[PDB]
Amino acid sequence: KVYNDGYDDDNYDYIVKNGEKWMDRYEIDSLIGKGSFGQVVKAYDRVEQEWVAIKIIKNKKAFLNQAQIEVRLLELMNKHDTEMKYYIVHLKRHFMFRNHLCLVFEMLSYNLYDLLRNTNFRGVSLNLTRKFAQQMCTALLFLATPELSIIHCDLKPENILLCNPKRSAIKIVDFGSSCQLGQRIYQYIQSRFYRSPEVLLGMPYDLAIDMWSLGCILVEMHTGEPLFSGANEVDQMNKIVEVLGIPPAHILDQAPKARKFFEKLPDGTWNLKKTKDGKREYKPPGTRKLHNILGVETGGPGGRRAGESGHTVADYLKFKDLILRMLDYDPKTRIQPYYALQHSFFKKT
């Protein structure tokens, strides 16, 4: 049963072969990544004399047409940003090869999941978490500039890569899920752990959904574990409710899928759906305090940062305050990137 003349496999992916030369130019070293979109390979560019990364989009229409948007958007961002400046991966060129759209990128280093893993999920320091937060907020400031108005739509540790193994410099990758403020084209989006209330609730969204993600990410970066590790949409919403409480009546009143997670009393207040059989699985609303998760006054997450430098209680109080502003239920009031950069948490040395 041949797929695309035997170049693809049963899942519309190109069968990678180490040492293959493409178009008398690119030498394929190895497979280095995978995802919904397809594959990413490490390759040497004879012409330019450099190592690159080539993202090999799946050979199917729906997946192609989506990478076409990733290209349009990267080209548009690299056009403003021609100093490789603003914390966004660089699209060198692209081409069609054996019926696969291939995108050639600069070669980058570890993503932030690999980096968490490397500490055996103990978390990185608060100092380092600050650096990622400063850059990510700046990248998100960039994305918001009115010419662009770009929603990334799938922020997560795995889509933030270091430039260099032993350095804090980072770039955001994978704009395959991405869109612009007007041209909104989907319902079920963002990775689940990093999905915003408004998306869960089936409401319309804007750029603020990335900020939500960013909040989930920064906590995870310092503690080692996802702030809201939900196994599906109902679990996920419930894990958020543990920490932050019930979402304001004015939001739920507008949410088409409010009733998937909640129910409205006779008196007009909302509450979690009534459950069953003397079962209890979650902590009551608002009870899982972020104050304890970060371990503000107990030596950091898990007491593992006890009596270290640059982890004072004050550092944590700032860091906490920022994060609660990033996780505001209301997207009209969730801190925006301009203002986040001015937050106390960055006041200098």
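In this text, rigid core is short for the largest set of C-alphas that superpose within 1.5 Å between two forms. For every residue, the number given is its place in the sequence shown, counted from 1.
Larger average C-alpha displacement in 9 other deposited structures of this protein, relative to the shown form after a rigid core fit, is seen for 6-14 when comparing 321-329 with 6-14. For the pair 86-94 and 242-250, greater average C-alpha departure from the shown form in 9 other deposited structures of this protein after core alignment is found in 86-94.
Across the other PDB entries of this protein whose models span the neighbouring residues, residue 278 goes unmodelled in a third or more. Comparing 259-267 with 129-137, the stretch with the higher mean C-alpha B-factor in the PDB entry is 259-267. For the segment pair 338-346 and 4-12, the entry gives 4-12 the higher mean B-factor, averaged over Cα atoms. Residue set 282, 26, 316, 63: peak C-alpha B-factor at 26 (per PDB entry). Reading the B-factor column for the CA atoms of 213, 238, 187, 120 in the entry, the top value corresponds to 187. Per-chain ranking of the deposited C-alpha B factor places residue 320 in the lowest third. Remark: residue 292 belongs to the lowest third of its chain, ranked by C-alpha B-factor as recorded. The PDB entry assigns residue 105 a C-alpha temperature factor belonging to the middle third of its chain's modelled residues. Sort the modelled residues of the chain by CA B factor and residue 158 lands in the lowest third. In the PDB entry, a CA B factor belonging to the lowest third of its chain's modelled residues is recorded for residue 328.
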